[PDB]
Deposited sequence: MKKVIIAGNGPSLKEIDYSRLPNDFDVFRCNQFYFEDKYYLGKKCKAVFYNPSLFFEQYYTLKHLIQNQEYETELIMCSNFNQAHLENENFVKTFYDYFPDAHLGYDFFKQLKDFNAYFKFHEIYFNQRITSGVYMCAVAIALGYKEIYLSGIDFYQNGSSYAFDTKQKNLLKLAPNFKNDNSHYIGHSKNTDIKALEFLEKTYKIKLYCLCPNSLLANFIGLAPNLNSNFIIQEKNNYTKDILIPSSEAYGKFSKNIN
């Protein structure tokens, strides 16, 4: 199967749907559910969440599923086995707190040349790839050979939606990373492509991405963009009892 990997930038709303491949899985990440339409459908092969809000994002996802807004087969935490990027006890006990989820590093680390590439740049030059590229890496590790990209805009406004929602702002007041650049993401993608002999495509002709990655081919494809109503557009916050039970794992 093919894969569409979506970041949450403005180009998520500017997909050229006639370039949509035949037979695909969808990878979403982070606040993807804040989208106001189902730009890539309700069905995800995998959804990825950062370690720092994983506890709350997992709780929110269970509501999304139960409420029939999305489904996903896989749930991933985008970790790296780096003490400066994630809580150590969180990673150690992960599978026992979230038994239907996965640590993304289980897959990321299978791409040894890329793990080395990522680590050398992060540790020594403070150049960090974004979640969108992380997802590409995990996809290549899972055996996907053709990867279709959208919503990756290099922070050139910020998101395809308003992320300033009250719960998210309470959890992470900063929503109102400096190691990210377009160059670091572009160079990382080019490395994955050549190193692992896979094909990258761009679904958004008007993204800055299209300056670097060739467009997916026109296939006359159609796609219905289902609207969303009374939907979940903020992260949910667990009870204090929940927090008390998870407190060894957050900091």
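Numbering the deposited sequence from 1, one finds several regions with no C-alpha coordinates, namely 1, 158-159, 180-184.
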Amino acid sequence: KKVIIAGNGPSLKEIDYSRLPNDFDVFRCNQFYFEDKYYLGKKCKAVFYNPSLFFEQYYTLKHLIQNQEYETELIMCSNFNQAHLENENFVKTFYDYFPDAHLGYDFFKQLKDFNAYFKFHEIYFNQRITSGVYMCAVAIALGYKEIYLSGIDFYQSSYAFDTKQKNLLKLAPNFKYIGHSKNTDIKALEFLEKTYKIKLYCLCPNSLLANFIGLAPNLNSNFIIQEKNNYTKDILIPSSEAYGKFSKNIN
From here on, numbers count along this sequence of modelled residues.
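As the entry records it, the average C-alpha temperature factor is higher for 14-22, out of 234-242 and 14-22. If you average the C-alpha B-factors over 52-60 and over 216-224, the higher value belongs to 216-224. Looking only at 88, 100, 106, 162, the residue with the top Cα B factor in the deposited structure is 162.
For the set 93, 181, 78, 82, the PDB entry assigns the largest Cα B-factor to 181. Per the PDB record, residue ranking by Cα B-factor puts residue 42 in the middle third of the chain. In this PDB entry, the Cα temperature factor of residue 71 sits in the middle third of its chain's modelled residues. When the CA B factors of the chain's modelled residues are split into thirds, the value for residue 175 lands in the highest one. Placement of the Cα temperature factor of residue 65 within the chain: middle third of the modelled residues, per the deposited record. Ranked against the other modelled residues of its chain, the C-alpha B-factor of residue 119 as given in the entry falls in the lowest third.
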